[PDB]
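Novice: part one of the assembly, not moved from where it sits:
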Amino acid sequence: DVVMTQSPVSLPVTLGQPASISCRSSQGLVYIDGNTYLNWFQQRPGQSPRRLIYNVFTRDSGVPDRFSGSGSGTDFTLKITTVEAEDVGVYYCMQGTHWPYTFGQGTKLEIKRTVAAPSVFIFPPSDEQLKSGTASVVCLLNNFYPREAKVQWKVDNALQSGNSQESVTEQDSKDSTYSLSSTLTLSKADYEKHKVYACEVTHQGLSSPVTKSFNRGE
C-alpha cells in the first residue's frame, strides 16, 4: 500500500507569493516504463478536478507556467509563482505507481492575507415554520479571513451543543471574505420553554465576544 502525505494542508497566500505544496510517498514512485508518476491535480471548488504536471516534470497543455511540478525522490513539490485567484482551490498528490492508487489528503489555498471584519446578524423564526413544528434560529457572519468563528449557543444562558449546525461559503472573488450561517433547530416545546436565545461569536477581528440576545417576545 502507498501513503501520500501532503505536508501543507492549509495554505493561505498573498497574490504573487510563490508557495509550494509537498507530497511525500512511502515508497519510490518509479515504474517499469521509466518515468515517475505524480501528475498533480487541482479541483477548483464547484468544478471537477483537473491535471497539471504529467509524470513529475511535464506541464499540461492548458496549464499556466506559474504552476510547476518538482521533486525527484519520495518528497515531491509543486510551486506556483504569482499565485492568482483561479489558482485557489484544493490540490491532491497523484496515485503511486503501486496499483493501490493514492490521491492522499488535500491542500487548500487562500486569496490574500488581510484581517477580519464580520457583520454579525441573527434571524428569529417566522411564525409560519413556528406552526409546522420546527423552530430554528440562524446566526449570520458575512465576512472575515478564516472559515470558523466558534458561534456557540446559549439558551437562557445555557450553552447548546449538537443542536447547532454550521455551513460555510467560499472566498468571495471580489474580496477574500468567507460567510457563515450557523443554525440551531429545536422543537416548539423548547422554543416556548425558554424566552432568551443569546449566541456567541468569537474570532480575531473582535477583541470582545459579541452575543445577540434576541428574546422570544420582541
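Specialist: Great, that's in hand. Residues are numbered from 1 along each chain as shown, chains lettered A, B, ... in the order given.
Novice: alpha carbons only for contacts and neighbour counts from here, please
Specialist: OK.
Novice: would you map the helices across chain A?
Specialist: For chain A, helices defined by DSSP state H occupy the ranges A:129-132, A:188-193.
Novice: format those helices as CSV; extra columns: distance to residue A:106 and mean neighbour count.
Specialist: What follows is these, written out as CSV (distance: least, Cα to Cα, whole Å; neighbours: other Cα atoms under 10 Å):
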stretch, distance to residue A:106, mean neighbour count
helix A:129-132, 39, 12
helix A:188-193, 40, 13
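Novice: looking at these, which is nearest to residue A:171?
Specialist: Residue A:171 sits nearest to helix A:129-132 of all these, at 31.2 Å, using Cα to Cα.
Novice: so what touches that closest one?
Specialist: Helix A:129-132 has contacts (Cα atoms under 8 Å, 6 or more residues apart in numbering) with A:135, A:188.
Novice: count the residues that sit near residue A:159.
Specialist: Neighbourhood size, residue A:159 [other Cα atoms under 10 Å]: 12.
Novice: any idea what it is bridged to?
Specialist: Note on residue A:159: beta-bridge partners residue A:154, judged by DSSP bridges.
Novice: residue A:159: which of the helices of chain A is closest?
Specialist: Closest to residue A:159 of the helices of chain A, according to Cα to Cα: helix A:188-193, at 14.0 Å.
Novice: what packs against the closest one?
Specialist: Contact analysis of helix A:188-193 by 3 or more Cα pairs under 8 Å, 6 or more residues apart in numbering; DSSP states H and E lists strand A:134-141 as its packing neighbours.
Novice: 10 Å - rerun?
Specialist: On a contact count with 3 or more Cα pairs under 10 Å, 6 or more residues apart in numbering; DSSP states H and E, helix A:188-193 meets helix A:129-132, strand A:134-141, strand A:152-155.
Novice: parallel or antiparallel, list what pairs with the longest one.
Specialist: Sheet pairing for strand A:134-141, assigned by DSSP bridges, gives strand A:120-123 (antiparallel), strand A:180-187 (antiparallel).
Novice: further, place chain B onto the existing structure:
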Amino acid sequence: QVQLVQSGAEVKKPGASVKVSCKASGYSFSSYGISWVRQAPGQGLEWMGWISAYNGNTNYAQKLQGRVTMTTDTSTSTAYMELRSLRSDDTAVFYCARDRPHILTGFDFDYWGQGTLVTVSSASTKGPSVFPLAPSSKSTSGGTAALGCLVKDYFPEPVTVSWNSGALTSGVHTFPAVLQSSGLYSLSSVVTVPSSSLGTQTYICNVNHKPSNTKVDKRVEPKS
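Specialist: Putting chain B onto the chains we already have gives this:
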C-alpha cells in the same frame, strides 16, 4: 475534444444496486481505459476502480471488491460502475477519468467527468418548506438589513433558489445544505440590502426542488 459525460444524479435506499454511466467521445477511444473516483461529501478523493477497454482488466479497490462491478461497451464507448450493496456511508458523488489501458504503460486521468452524486439513505423524496426571515432588530440598519429564506425538510440534494425573479444579483449568499440529523436537508439563502430600501425593494425567494418540482415563490416580509 474533452467530453466525459457522466450519468444523471441518482437517489437510492441502502442495499440497492446503483449503476453510473460515463459516455465518452470527442476524443479517440483507442481502447483507452477508464477509472472511477469517489469524493465523499466535502471530503477526500478515494479511487474506486479501473477497467481497460483494451481488455477486461478490472482492478477494484481492496476496501470495496465484492459490491463493485465495472463494465465497458466499446461499441458505444461507455463505461459503467455498479455498486451491488449500498450504505449510508457510501452516499457521495462519483467521478470518471480516462486511464491508459496497458498495465505495462502508466496512467493518464487526462479527461475528468461531470460528478454524478449518489445519495443513499432510507428516506423518500419530500418537498421543501420555504420560510422567510425579517429584520427584527433592523440588524445593521446603517449598513445592510439582512433578509433570508429557509428551504428545509426535503430529501434530494439539488435545489435552485431564485431571488426576486432571479433578478437579485449581489447580496445573495446561498449556503451549503446540511443534513438534518433525521435525514432531511436545510438550505439558508440570505441577502444584505441597506435598511434604507425596506418597502421600496421587493423581496421574493423563488425556490424550486427539481427532483420533486416544487416550484414555490416565497414571500419575504420585513417584520421588525
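Novice: mind redoing what packs on helix A:188-193 now chain B's in there?
Specialist: helix A:129-132, strand A:134-141, strand A:152-155 (3 or more Cα pairs under 10 Å, 6 or more residues apart in numbering or on different chains; DSSP states H and E).
Novice: near chain B, anything from the first one?
Specialist: Yes: in this structure, helix A:129-132 sits against chain B according to Cα under 10 Å from any Cα of the partner chain; the contacting residues are A:129-130, A:132.
Novice: over to the second one?
Specialist: Yes: Strand A:134-141 comes into contact with chain B when judged by Cα under 10 Å from any Cα, the residues involved being A:134, A:136-138, A:140.
Novice: neighbour-wise, which one of these leads?
Specialist: In terms of neighbours by other Cα atoms under 10 Å in any protein chain shown, those top out with residue A:138 at 24 neighbours.
Novice: my guess is it contacts residue B:188, does it?
Specialist: Yes: here residue A:138 lies in contact with residue B:188, judged by Cα atoms under 10 Å, at a distance of 8.5 Å.
Novice: which residues touch residue A:32?
Specialist: Counting by Cα atoms under 10 Å, 6 or more residues apart in numbering or on different chains, residue A:32 makes contact with A:97, B:103-106.
Novice: now for the residue nearest the centre of chain B: which residues touch it?
Specialist: Per Cα atoms, centre = their mean, the C-alpha nearest to the average position across chain B is that of residue B:117, at 4.9 Å. Contact analysis of residue B:117 by Cα under 10 Å, 6+ apart lists B:7-11, B:20, B:38-41, B:91-95, B:157-158.
Novice: how much space between it and residue B:12?
Specialist: The spacing between residue B:117 and residue B:12, counted by Cα to Cα, to the nearest Å, is 11 Å.
Novice: try residue A:28
Specialist: Residue A:28 is 41 Å from residue B:12, where distance means Cα to Cα.
Novice: who has more neighbours out of those two?
Specialist: Taking other Cα under 10 Å, residue A:28 and residue B:12 do not tie; residue B:12 has more neighbours (19 against 16).
Novice: okay, chain C goes in next:
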Amino acid sequence: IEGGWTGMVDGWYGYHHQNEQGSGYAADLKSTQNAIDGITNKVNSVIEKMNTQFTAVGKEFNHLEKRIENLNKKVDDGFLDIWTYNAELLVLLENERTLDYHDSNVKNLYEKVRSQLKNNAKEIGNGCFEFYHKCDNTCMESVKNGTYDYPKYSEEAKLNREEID
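Specialist: Chain C, in position alongside the others:
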C-alpha cells in the same frame, strides 16, 4: 519460445488462443501483474544508494605538508570509482535477475497449461498446444483461469489420437 509477440502489447506473458471461431492474443493477467509488482519494487529499492553522510570534510597541507588533504582527497576519489564500479555491477546483476525471472515466468505458465491439458493435446511448435478435441471460447478461458477440466473432453480427444495413431 524463441520468438517474440508484437500483438501482445497488453502484458508481457500471454497466450495466443485459437478456436474454430477465431484467433486472439490474450495476456495472462496474474503473471504480468505480479511480475510488474516485483520488478517495480526491485527498481525502486535498487535506487536506494545511501551515499556516506556529508561529514563536512576538507583539509589541506596548511603550508606544513598536512597531507590530511591528499589523504582526504584519495579517500573521496577512492570511494568513488569503487562505489561506481560496484554500482555498475549491481545494475548488471539486477539486469540479469530480471531477465531470468522473465524466462522463469514463461516456463511456469507453459507447465501450468501442460498440467491442465495433459494428454488431451499435442505439444507442437514453439510452445503450442494442438487440442485433439475442440476447446470452446469458454474452455479456452477455463485453461487460462486455471479452471480447465480434463475429463469432459478426455474421451473425445482419446478417440482422435487413436484415429491418427
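Novice: once more on the contacts of residue B:117, this time with chain C?
Specialist: Contact analysis of residue B:117 by Cα under 10 Å, 6+ apart lists B:7-11, B:20, B:38-41, B:91-95, B:157-158.
Novice: same check on residue C:43?
Specialist: Contacts of residue C:43 by Cα under 10 Å, 6+ apart are A:28-32, A:34, C:91, C:94-95.
Novice: element containing it?
Specialist: Using DSSP states H and E, residue C:43 sits in helix C:29-47.
Novice: quick check: next helix or strand after that helix?
Specialist: helix C:68-79.
Novice: so residue A:115 sits against residue A:178, correct?
Specialist: No: counting by Cα under 10 Å, residue A:115 stays clear of residue A:178, with 11.9 Å between them.
Novice: more crowded one of these two?
Specialist: residue A:178 (20 against 14).
Novice: what does chain C put close to chain A?
Specialist: Residues of chain C lying close to chain A by Cα under 10 Å from any Cα are C:33, C:36-37, C:39-41, C:43-45, C:47-48.
Novice: quick check on these: which are buried?
Specialist: C:33, C:36, C:39-41, C:43 (16 or more other Cα atoms under 10 Å in any protein chain shown).
Novice: closest to chain A among the residues you listed?
Specialist: Of all these, residue C:40 has the smallest distance to chain A: 5.7 Å, by Cα to the nearest Cα.
Novice: mind listing what that closest one touches?
Specialist: Neighbours of residue C:40 in contact, by Cα under 10 Å, 6+ apart: A:28-34, A:97-98, C:34, C:46.
Novice: kindly report the same for residue A:114.
Specialist: A:14, A:144-145, A:175-177.
Novice: between these, which is nearest chain B?
Specialist: Chain B has its nearest neighbour among the contacts of residue A:114 in residue A:177, at 11.5 Å by Cα to the nearest Cα.
Novice: you'd agree that closest one is up against residue A:119?
Specialist: No: using Cα under 10 Å as the test, residue A:177 is too far from residue A:119 to be in contact (11.1 Å).
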